[PDB]
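Novice: Got a structure for you, questions after.
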Amino acid sequence: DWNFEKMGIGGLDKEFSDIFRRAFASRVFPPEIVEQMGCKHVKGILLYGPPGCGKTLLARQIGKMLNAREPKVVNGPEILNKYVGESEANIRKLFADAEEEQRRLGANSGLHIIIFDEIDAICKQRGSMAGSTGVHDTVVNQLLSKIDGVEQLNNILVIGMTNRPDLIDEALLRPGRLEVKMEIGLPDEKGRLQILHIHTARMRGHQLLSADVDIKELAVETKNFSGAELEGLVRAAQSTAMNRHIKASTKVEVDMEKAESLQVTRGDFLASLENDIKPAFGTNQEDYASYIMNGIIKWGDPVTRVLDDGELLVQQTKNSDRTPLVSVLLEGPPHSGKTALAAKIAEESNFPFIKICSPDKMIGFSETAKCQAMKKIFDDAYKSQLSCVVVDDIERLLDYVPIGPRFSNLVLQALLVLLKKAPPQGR
Amino acid sequence: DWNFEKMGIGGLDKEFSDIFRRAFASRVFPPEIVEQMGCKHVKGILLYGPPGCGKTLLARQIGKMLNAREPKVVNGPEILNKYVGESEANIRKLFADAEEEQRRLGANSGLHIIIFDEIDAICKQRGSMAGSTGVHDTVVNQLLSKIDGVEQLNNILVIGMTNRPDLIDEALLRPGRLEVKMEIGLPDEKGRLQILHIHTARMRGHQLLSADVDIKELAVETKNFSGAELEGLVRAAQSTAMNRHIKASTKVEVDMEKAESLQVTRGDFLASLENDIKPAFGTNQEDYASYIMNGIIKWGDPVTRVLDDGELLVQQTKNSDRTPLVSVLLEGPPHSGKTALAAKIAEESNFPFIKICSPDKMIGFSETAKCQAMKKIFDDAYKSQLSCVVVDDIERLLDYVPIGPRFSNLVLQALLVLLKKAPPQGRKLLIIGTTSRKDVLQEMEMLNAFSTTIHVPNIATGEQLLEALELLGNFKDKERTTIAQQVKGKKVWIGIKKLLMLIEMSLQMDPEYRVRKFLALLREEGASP
Amino acid sequence: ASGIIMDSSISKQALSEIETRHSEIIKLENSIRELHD
Ligand SMILES: Nc1ncnc2c1ncn2[C@@H]1O[C@H](COP(=O)(O)OP(=O)(O)OP(=O)(O)O)[C@@H](O)[C@H]1O
Ligand SMILES: Nc1ncnc2c1ncn2[C@@H]1O[C@H](COP(=O)(O)OP(=O)(O)OP(=O)(O)O)[C@@H](O)[C@H]1O
Ligand SMILES: Nc1ncnc2c1ncn2[C@@H]1O[C@H](COP(=O)(O)OP(=O)(O)OP(=O)(O)O)[C@@H](O)[C@H]1O
Ligand SMILES: Nc1ncnc2c1ncn2[C@@H]1O[C@H](COP(=O)(O)OP(=O)(O)OP(=O)(O)O)[C@@H](O)[C@H]1O
Numbered sequence: 212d213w214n215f216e217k218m219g220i221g222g223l224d225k226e227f228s229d230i231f232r233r234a235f236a237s238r239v240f241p242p243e244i245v246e247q248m249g250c251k252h253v254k255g256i257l258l259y260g261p262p263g264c265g266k267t268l269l270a271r272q273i274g275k276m277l278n279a280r281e282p283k284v285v286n287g288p289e290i291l292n293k294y295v296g297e298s299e300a301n302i303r304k305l306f307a308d309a310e311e312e313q314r315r316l317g318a319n320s321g322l323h324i325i326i327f328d329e330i331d332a333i334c335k336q337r338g339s340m341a342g343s344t345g346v347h348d349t350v351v352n353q354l355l356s357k358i359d360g361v362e363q364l365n366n367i368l369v370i371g372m373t374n375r376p377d378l379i380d381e382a383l384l385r386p387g388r389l390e391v392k393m394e395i396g397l398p399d400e401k402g403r404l405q406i407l408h409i410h411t412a413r414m415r416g417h418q419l420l421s422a423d424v425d426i427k428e429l430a431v432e433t434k435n436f437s438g439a440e441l442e443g444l445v446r447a448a449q450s451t452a453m454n455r456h457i458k459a460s461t462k463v464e465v466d467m468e469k470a471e472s473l474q475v476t477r478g479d480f481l482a483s484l485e486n487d488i489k490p491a492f493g494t495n496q497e498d499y500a501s502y503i504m505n506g507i508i509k510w511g512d513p514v515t516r517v518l519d520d521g522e523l524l525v526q527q528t529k530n531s532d533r534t535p536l537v538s539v540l541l542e543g544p545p546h547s548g549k550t551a552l553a554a555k556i557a558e559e560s561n562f563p564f565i566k567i568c569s570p571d572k573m574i575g576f577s578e579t580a581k582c583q584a585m586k587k588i589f590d591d592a593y594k595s596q597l598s599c600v601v602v603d604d605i606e607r608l609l610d611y612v613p614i615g616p617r618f619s620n621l622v623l624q625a626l627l628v629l630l631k632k633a634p635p636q637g638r
Numbered sequence: 212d213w214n215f216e217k218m219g220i221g222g223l224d225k226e227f228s229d230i231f232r233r234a235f236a237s238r239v240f241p242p243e244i245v246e247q248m249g250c251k252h253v254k255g256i257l258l259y260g261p262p263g264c265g266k267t268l269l270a271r272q273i274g275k276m277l278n279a280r281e282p283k284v285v286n287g288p289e290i291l292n293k294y295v296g297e298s299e300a301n302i303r304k305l306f307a308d309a310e311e312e313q314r315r316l317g318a319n320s321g322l323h324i325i326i327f328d329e330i331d332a333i334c335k336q337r338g339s340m341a342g343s344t345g346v347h348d349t350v351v352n353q354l355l356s357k358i359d360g361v362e363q364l365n366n367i368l369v370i371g372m373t374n375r376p377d378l379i380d381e382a383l384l385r386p387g388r389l390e391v392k393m394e395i396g397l398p399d400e401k402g403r404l405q406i407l408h409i410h411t412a413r414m415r416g417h418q419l420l421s422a423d424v425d426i427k428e429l430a431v432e433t434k435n436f437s438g439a440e441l442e443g444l445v446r447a448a449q450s451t452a453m454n455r456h457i458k459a460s461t462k463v464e465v466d467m468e469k470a471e472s473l474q475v476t477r478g479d480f481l482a483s484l485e486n487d488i489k490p491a492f493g494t495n496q497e498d499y500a501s502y503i504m505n506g507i508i509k510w511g512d513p514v515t516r517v518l519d520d521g522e523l524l525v526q527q528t529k530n531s532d533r534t535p536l537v538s539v540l541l542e543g544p545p546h547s548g549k550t551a552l553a554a555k556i557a558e559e560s561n562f563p564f565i566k567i568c569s570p571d572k573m574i575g576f577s578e579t580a581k582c583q584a585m586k587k588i589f590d591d592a593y594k595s596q597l598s599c600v601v602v603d604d605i606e607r608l609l610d611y612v613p614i615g616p617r618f619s620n621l622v623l624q625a626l627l628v629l630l631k632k633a634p635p636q637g638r639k640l641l642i643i644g645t646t647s648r649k650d651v652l653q654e655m656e657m658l659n660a661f662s663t664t665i666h667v668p669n670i671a672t673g674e675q676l677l678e679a680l681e682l683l684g685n686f687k688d689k690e691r692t693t694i695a696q697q698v699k700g701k702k703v704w705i706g707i708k709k710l711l712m713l714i715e716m717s718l719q720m721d722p723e724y725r726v727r728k729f730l731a732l733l734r735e736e737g738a739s740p
Numbered sequence: 178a179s180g181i182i183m184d185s186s187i188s189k190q191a192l193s194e195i196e197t198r199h200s201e202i203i204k205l206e207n208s209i210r211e212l213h214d
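Protein chains in written order, with PDB author numbering: chain B, 212 to 638; chain C, 212 to 740; chain H, 178 to 214.
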């Protein structure tokens with residue numbers, strides 16, 4: 212009875228197509244032809260990306276699509292133990308049934324599925340010298356030996372999920388081992404439209420949704436939203452609509468008078484969108500009210516010139532193709548209003564992503580913490596089709612003081628390296 | 212009924228020849244001669260190398276070519292136990308059959324194979340953790356005193372596989388113990404051809420491979436592929452060929468009318484090469500697409516001179532034999548095109564291994580981590596018959612700042628020592644390096660390590676500027692005739708990258724207010740040659 | 178995180194229940210032997 216329309220995944224057509232082609236394509240062809248080729252099956256999948264974009268959902272749907280046995284699940288690091296050689300026993304206990312059935316039945320055995328969750332908490336680079344190490348070495352060696360060893364298993368499939376794909380071991384990612392790697396990222400307009408149509412199919416079935424709402428508008432007014440937020444928006448709207456039908460708030464009961472006329476209108480959607488949900492890869496309108504405390508006043512000629520120059524730079528950084536990265540420095544005497552003008556230039560650009568990296572959130576930090584914070588902000592900025600980052604009070608970041616002079620070299624080098632690093636292609 | 216062709220291993224003729232000569236040569240000779248000489252038999256084999264090059268396959272096949280018992284397999288740390296004195300019992304249980312059949316049948320018994328998998332997990336160096344971890348100091352002693360002890364055995368054979376051959380104990384490798392040590396490395400062209408023939412024989416027996424797929428092209432076009440990568444390539448091509456018939460739009464349905472004409476075409480192989488498989492000791496077209504972002508345009512004479520000099524250096528390093536290590540330094544003013552030319556020179560050498568060591572990927576590291584990264588890259592570069600490496604923007608790799616001055620000493624010493632370390636005998640290496648401040652490097656006595664220097668100049672004439680504009684093709688017709696009138700009657704000093712930036716900045720004005728702002732920008736920058 | 182430890186064990190003779198009492202069936206056999214005689 213399986214059909215893709217009931218899986219409930221939107222915005223991931225290409226990823227699923229590739230996964231199906233590479234992994235399951237040879238398990239559904241006639242067995243004679245597959246026997247006249249002598250090709251073994253693929254033995255793993257790895258899924259990585261930012262948080263909230265649909266990793267665990269895909270694995271669950273894959274698990275409950277096949278006619279296989281009920282998949283095993285490992286919920287984080289739940290194999291570790293404090294005695295000698297007790298982690299490896301738990302690692303070995305997972306592959307017992309596959310071995311037994313392969314020995315008994317032969318080439319007629321069914322599929323067995325194992326699902327590792329947060330795989331970067333167990334498998335880490337083994338090491339080179341006789342230092343550090345720990346239980347990680349033994350656990351990783353046992354896992355590597357079990358997946359692909361001197362006895363051949365042909366009836367397993369292993370799935371892994373992770374947020375930090377740069378820590379996992381290299382010997383565990385070669386063809387033969389987990390060799391299918393996919394990236395799940397933020398969706399585009401069609402993706403948001405599909406998700407919003409998936410998440411409001413029941414309500415429309417029972418005529419519980421008003422006639423005012425138009426989904427093609429919410430698919431435009433929500434930029435850089437992930438699935439987990441396009442769900443929360445609808446949930447908040449529904450909660451507001453339901454709470455509007457409870458006049459016995461101090462008490463607990465129902466009027467049971469207009470409940471027959473319960474309906475979700477556009478006002479609830481707008482209110483919830485404007486109050487409750489706050490995206491994490493988008494613009495938030497609280498910074499601009501904390502950095503522009505008295506608005507811009509046109510006391511003379513220069514203000515217009517500065518704003519015009521900012522407008523020209525903003526226009527350039529959006530249409531050109533030879534220069535995907537631009538920079539500019541606003542400088543002047545003390546007590547002149549540089550931060551306000553920078554914030555006002557940033558606010559009037561309509562870039563989906565805007566952020567400010569100020570030094571008043573880094574009180575007491577050492578060098579490395581500042582480096583990590585800056586690197587994190589830029590890493591986040593590298594995941595949107597447009598961006599704008601503001602770096603204010605450069606001299607406070609470097610910890611400068613004329614006596615000496617004294618300052619931080621590491622932060623300076625990090626900044627000088629980040630100022631001329633182009634983003635991935637197309638951004 | 213053993214036949215080599217049946218083994219199915221390609222690219223390892225010499226290693227197997229040596230293994231056969233040393234291990235199984237005194238067991239396949241008439242007993243009288245072997246007894247008159249009075250020689251014992253070898254009691255081990257060790258196999259180490261990078262991941263994916265075919266170790267476990269060799270052990271598995273060695274386990275099936277002997278009319279002997281069934282080999283015993285130990286999967287990693289499968290012997291450790293939590294109680295006191297159980298690991299040693301597990302280790303002693305492996306040799307019981309050998310000891311029992313040696314004590315009864317005398318000198319007529321048969322082999323008892325034993326296979327250790329990932330031996331470096333339970334046999335690390337002794338006295339390394341203040342008496343070891345408590346259970347890694349008795350396991351090693353038990354193994355040492357049971358392989359070769361007071362009681363003599365003559366009917367065993369132990370095979371070990373490992374990835375890190377430096378952590379193993381030293382007393383376990385003497386010629387009375389695991390003795391035959393081999394290395395399994397990357398194959399060359401004639402190894403890739405054999406691997407492809409082995410993995411494609413079955414398809415070409417039932418007419419499932421379309422005449423049009425030529426194996427020589429695949430052998431040539433896959434440089435520094437391991438065996439596993441070649442197998443994965445073939446498998447991906449087969450999967451792509453299969454998937455054309457299946458349909459998953461609404462419900463899975465396998466067409467059964469076209470399934471009788473299945474044939475794997477070369478387009479599948481090309482697509483799989485392009486999109487699916489990425490090697491580990493090779494190169495791709497992404498680094499070059501990331502560094503040479505706007506191609507290269509011939510705006511004058513010097514551009515060809517630089518490339519010709521680079522070609523001469525490449526030819527020398529490839530042919531000569533007295534000097535297996537040559538290096539060169541490209542220097543010039545800022546915003547001049549130094550990394551693009553280095554990448555272009557490197558890419559047109561056709562060396563198998565090409566890397567780019569850059570500071571873009573070491574943001575926030577201390578100096579120890581920088582040393583480790585550099586050392587690891589140069590270690591990887593020593594396992595190929597021809598290597599080229601590029602060091603980019605040195606002054607950012609030392610943390611130089613005019614005040615003080617300040618910089619890192621460990622990284623500088625590592626660099627100064629790593630420009631004079633020749634590779635293992637028979638292999639050749641090339642090192643290129645880019646910098647924008649030659650005098651500072653001179654002050655540190657770093658211009659003796661480099662063997663030659665090249666100069667990357669700026670644009671310094673009106674004709675060259677006009678030719679660059681013509682090549683780019685932005686201002687045309689009347690506009691050009693204006694610039695020619697204004698710029699020829701003077702001198703210029705500007706870089707190519709800054710020229711691109713200036714053109715782009717100028718193109719944002721109104722259609723009738725472009726040339727004037729462009730000239731204003733060109734004049735304001737200032738030459739100061 | 179220090180870890181990786183060991184332990185020792187002891188035992189106990191729990192089958193204290195006696196069995197000699199029910200094994201002295203010889204006298205019944207003697208009586209039935211007299212009967213057969
Ligand atoms: N592509 C999608 N289509 C429809 N709904 C989606 C999609 N992606 C996410 N959702 C909704 O958002 C929820 C996000 O939960 P999920 O377990 O998929 O998140 P995750 O990104 O894997 O988790 P984490 O970031 O904690 O690792 C899903 O349960 C589903 O409700
Ligand atoms: N035309 C204007 N330009 C700039 N700021 C203005 C203008 N009119 C009013 N202001 C207000 O003046 C104040 C300027 O203070 P601000 O923090 O921007 O100064 P600054 O240049 O960052 O100072 P500092 O030298 O201390 O770093 C803000 O409240 C801003 O709202
Ligand atoms: N010379 C070869 N001829 C044919 N196939 C080969 C060859 N070398 C490797 N392979 C393929 O490599 C796979 C076996 O790899 P193997 O188990 O030897 O890996 P390994 O590198 O020793 O292990 P690991 O790196 O995981 O420690 C099989 O696909 C085998 O076909
Ligand atoms: N003839 C050319 N020579 C060099 N670069 C060229 C040429 N024509 C176009 N370009 C482009 O100009 C840019 C050269 O800048 P490059 O990356 O070499 O900077 P750089 O000299 O290292 O600068 P920096 O001063 O920051 O170190 C690249 O985009 C290159 O593609």
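Virtual Cβ for every residue (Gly too), placed ideally from N, Cα, C.
#1: Tell me which residue opens and which closes the beta strand (DSSP E) that C/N286 is part of.
#2: Within the present structure, is the beta-carbon of B/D359 separated from the nearest heavy atom of ligand 3 by less than 8 angstroms?
#3: Pick out whichever of B/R533, B/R516, B/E281 has its Cα sitting closest to the Cα of C/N685.
#4: Closest to B/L473 by CA distance: which of B/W510, B/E464, B/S421, B/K489 is it?
#5: Would the beta-carbon of B/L257 fall within 9 angstroms of that of B/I395?
#6: On the DSSP bridge list, what partners appear for B/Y259?
#7: What are the boundary residues of the beta strand (DSSP E) that includes C/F215?
#8: Which residues in the same chain as C/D520 place their Cβ atom closer than 7 angstroms to its Cβ, once the five residues preceding and following it in sequence are excluded?
#9: Run the proximity test for C/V514: is its beta-carbon closer than 8 angstroms to any non-hydrogen atom belonging to ligand 4?
#10: Mind checking if B/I325 is an interface residue toward chain C, Cβ cutoff 9 angstroms exclusive?
#11: Given that H/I181 touches chain C, what residues does it touch there, using C-beta distances under 7 angstroms?
#12: Could you pull the start and end residues of the beta strand (DSSP E) that C/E542 belongs to?
#13: Quick check on B/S343: buried or exposed, where buried means 16 or more other Cβ atoms within 10 Å of its Cβ?
#14: Using beta-carbon positions only, say whether B/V346 and H/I181 come within less than 9 angstroms of one another.
#15: Let me check you understand the geometry: is the CB of residue 742 of chain C closer than 8 angstroms to at least one non-hydrogen atom of ligand 2?
#16: Just to make sure I have the definition right: I need the residues of chain C whose C-beta is within less than 9 angstroms of the C-beta of B/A439. Which are they?
#17: Is B/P570 close to ligand 2? I mean its beta-carbon at under 8 angstroms from any heavy atom of the ligand.
#18: Would you mind working out which of C/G615, C/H417, C/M573 sits nearest C/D604, comparing C-alpha positions?
#19: Taking residue 645 of chain B as the reference, give the member of B/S483, B/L552, B/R477 with the closest Cα.
#20: Roughly how many angstroms separate the alpha carbons of C/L441 and C/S483, rounded to a whole number?
#21: At a cut of 8 angstroms, does the region 459–470 of chain C reach the region 256–271 of chain B through at least three beta carbon pairs?
#22: So with Cβ pairs under 9 angstroms, would you call C/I508 a contact of chain B?
Specialist: Well, looking at it:
#1: 283–286
#2: yes
#3: B/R533
#4: B/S421
#5: no
#6: B/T373, B/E394
#7: Careful: C/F215 lies outside any beta strand (DSSP E), inside the alpha helix (DSSP H) at 215–218.
#8: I665
#9: yes
#10: no
#11: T344
#12: 536–542
#13: exposed
#14: yes
#15: No answer is possible for residue 742 of chain C: it lies beyond the span of chain C, which begins at 212 and ends at 740.
#16: The contacting residues do not exist; B/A439 stays about 27 angstroms from chain C at best.
#17: no
#18: C/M573
#19: Since the first and last residues shown for chain B are 212 and 638, residue 645 of chain B lies out of range.
#20: 11 angstroms
#21: no
#22: no
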